[PDB]
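Below is one structure, written out as structure tokens, with a few remarks after it.
Residue numbers (the working numbering), protein chains in the order written: chain U, 1 to 312; chain V, 1001 to 1312; chain Y, 2001 to 2126; chain R, 3001 to 3126.
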């Protein structure tokens, strides 16, 4: 059996698996009442990708496809419908057993980014191009990526072309105001409000008394307004990538890991890395975990579910 | 000023609001010394549900939840603990201002029924199931539904699964022997024996001399043994349902109603339907009221408390 | 011992949004009906949005129908008035009211309620 | 209701070619791993050719490398075993198996797989 390992990466060398951001801090919040069932950054310890998780950092919250037409919508701005393909450009088959095209965003909110286009027809036989700021409201009934199309809005009033290859590059959130419905733990309705999401990666929670989830937190930029929104992922993208490459058999349901400071050789705290791909710690407080950012999690051993963590 | 009405239903079209049974007879017992303060089938004439009263006929004396573990207990049979949720599956919050989860049984006794389970995990991805006869002793110190858990016993020795969704379907009583403590007017201790029941629907009694309570009576099945036990409710479930829908303002404390025989158009007797949701009659005897089961109560008018009923 | 406490109000531009909160003590929203009223100076009070104990029945003022919604957090014994698109007409003190009991009807007049909070101020400017 | 159905087998001469099909229902090959095993009467099971969910990793038995290839029609939820240049050694019943999950590793033992079909017969005579 191939021995299980994690990469040796400082916190400052980790990227969020739910939005293209560096990890800023480790973070706990034991009073969270929401169900934690994100779909990006989901990977079992033996390397099985789940939910909408794919390997490209550039694919997280990205879309590829074609604008079909401008559409009429109450809300401010100009609105556009676009078919979405797989990230590698092949057609998305709605009957594929995933919740949505891999990389689709996994939370409710107004996701801010840039829509860009490069025309297929051709001026030196050089195609025409355009890019504009755009917002994708993932809570909207028009957000139906599992059906193969989504809507986005622009401030730009007309400079978006029908029938041309279209890329969405995520940048941050448009707003965290009341009516922007940012909730990082509410899943989109991937086929539309009245249809059930399918093929979901499972929810995660601590089971042992005293334990809570430990998150890799990134602060996400805002197009304007007030706020300090954050996205918490269960494992950084580099862990997803390494577990997938390694394909190591899981020898129990819980891997004990230690967060070590290489400047001292010492363990700062220990954590349970669970088979489905998430961490718990014995911590009785919310907020950042203050730890040297050159530190990193090191695999210690496989343990049983009843293992008692030293409090943080 | 919506006018107050009762439904037009024969006695054979009425359901007991305290156990899932048809109404068999109207019934008086003027020498009852017990305090009548049942908690199911409680609804004011203007449509306010009280006690543990909910609207589903299938919810009366039902439980929904999860077996946590087998437990040890003196008495015969095998014993199991289960958490109980609300009937619609949402977690029950013991600080909710009700005596216990809505539908909880409202009397002391050994309630006989079936416990059934459908596993959440997965064989064609088809869950495993099992059902067995079960008994819930509502007088027991382990009957603490207001705290979110109860005990039940089976004859079956092992085929009940921990951690799986569980339903109790009530059928009748296990016994009316001395040690089965059947008393339909003794409330359970919803939180356990040393704690006060709370948020109770009020007790009911006649006030004008010569009057007595009139009950809708159902005979309740027995798992074995000798007896002819019955359950008396103040209003059938269909009146609870109708009053709730109608939300008609009560124009006094007493609605005069008449029991009419549609075959003749005549009134057989009259009764007082009181604001808190119960009937009195001027009757000086105990036992069934012999009346055509095609008959029904019809609203006559609002009267004051000093109205003198024609004796039956 | 029934207290109702409103919060979440503020100053906001036309087309913006707020989420008002009404927290209760001595009473659970899951077993009583409640409603939102608003009171601007020099104007008669107005019923905004009311709901019964289980959320199965509500009343929404025609002026706010497509713009205001309600939610609840039973664990927190708190209900919310979500004002998703605010208009200049909406400026006022928004306050919370509770009517005891589990019933179907949603009262639209303040004198039928049993308890009220002081409110939280909402100003829609530019 | 996962079912795997093999077809395309038949009788063929040494040096001939076939294409076998494994069609699935209740499971998409584009999100799971699959493999081909063969079973000749009186001999032990043999693993022939396996692939992961996106075709980015495979295992090919040394005896068939250069003679057998695989292809995909995930629009039809079917994968193909193309057997060019069959040898006398190749006679056997060929069947497919699926292993749940999007992973990199290609299992080579049947007990690791989650589902199997009955197969299709391949005889190489002369």
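Ideal Cβ positions, reconstructed from N, Cα and C, are used throughout, including at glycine.
In DSSP terms, what residue i is bridged to
| i | result |
| --- | --- |
| residue 183 of chain U | U/108 |
| residue 115 of chain U | U/132, U/168 |
| residue 3073 of chain R | R/3078 |
| residue 1274 of chain V | V/1254, V/1278 |
| residue 93 of chain U | Paired residues: none, contrary to the question. |
Contacting residues, own chain, Cβ-Cβ under 8 Å from residue i (five flanking each side not counted)
| i | result |
| --- | --- |
| residue 3117 of chain R | 3003, 3004, 3005, 3006, 3022, 3095, 3096, 3097 |
| residue 1072 of chain V | 1079 |
| residue 2058 of chain Y | 2049, 2050, 2051, 2052, 2070, 2106 |
Secondary structure of residue i, DSSP reduced to three states
| i | result |
| --- | --- |
| residue 1296 of chain V | strand |
| residue 1241 of chain V | helix |
| residue 1057 of chain V | helix |
| residue 1203 of chain V | coil |
| residue 19 of chain U | coil |
| residue 3020 of chain R | strand |
| residue 1146 of chain V | helix |
| residue 3025 of chain R | strand |
| residue 3031 of chain R | helix |
| residue 301 of chain U | strand |
| residue 261 of chain U | strand |
| residue 2062 of chain Y | helix |
| residue 2088 of chain Y | helix |
| residue 66 of chain U | strand |
| residue 1012 of chain V | helix |
| residue 2111 of chain Y | helix |
| residue 291 of chain U | coil |
| residue 2105 of chain Y | coil |
| residue 1178 of chain V | helix |
| residue 211 of chain U | strand |
| residue 1246 of chain V | helix |
Closer than 9 Å to chain U by CB, residue i
| i | result |
| --- | --- |
| residue 3028 of chain R | yes |
| residue 2038 of chain Y | no |
| residue 3075 of chain R | yes |
| residue 3055 of chain R | no |
| residue 2017 of chain Y | yes |
| residue 2121 of chain Y | no |
Residue-chain proximity (residue i, chain V), Cβ-Cβ < 9 Å
| i | result |
| --- | --- |
| residue 2035 of chain Y | no |
| residue 2031 of chain Y | yes |
| residue 2050 of chain Y | no |
| residue 2104 of chain Y | yes |
6 Å Cβ shell around residue i - same chain, five flanking residues per side excluded
| i | result |
| --- | --- |
| residue 1281 of chain V | 1214, 1271, 1312 |
| residue 1328 of chain V | Because chain V in this structure spans residues 1001 to 1312, residue 1328 of chain V falls outside the shown range and cannot be described. |
| residue 1064 of chain V | 1085, 1087, 1167 |
| residue 1267 of chain V | 1258, 1260 |
| residue 1237 of chain V | 1015, 1017, 1057 |
Burial state of residue i (16 or more Cβ within 10 Å)
| i | result |
| --- | --- |
| residue 1235 of chain V | buried |
| residue 1274 of chain V | buried |
| residue 141 of chain U | exposed |
| residue 105 of chain U | buried |
| residue 239 of chain U | buried |
| residue 221 of chain U | exposed |
| residue 2114 of chain Y | exposed |
Contacts around residue i, its chain only, beta-carbon distance under 7 Å, and the 5 residues preceding and following it disregarded
| i | result |
| --- | --- |
| residue 3031 of chain R | 3053, 3102 |
| residue 35 of chain U | 185, 203 |
| residue 1165 of chain V | 1066, 1117, 1118, 1120 |
| residue 1171 of chain V | 1112, 1113, 1114, 1221 |
Contact with chain Y by residue i, beta-carbon distance below 9 Å
| i | result |
| --- | --- |
| residue 250 of chain U | no |
| residue 179 of chain U | yes |
| residue 1098 of chain V | yes |
| residue 1190 of chain V | no |
| residue 1040 of chain V | no |
| residue 153 of chain U | no |
| residue 33 of chain U | yes |
| residue 1234 of chain V | no |
| residue 298 of chain U | no |
CB contact below 9 Å: residue i versus chain R
| i | result |
| --- | --- |
| residue 85 of chain U | no |
| residue 238 of chain U | no |
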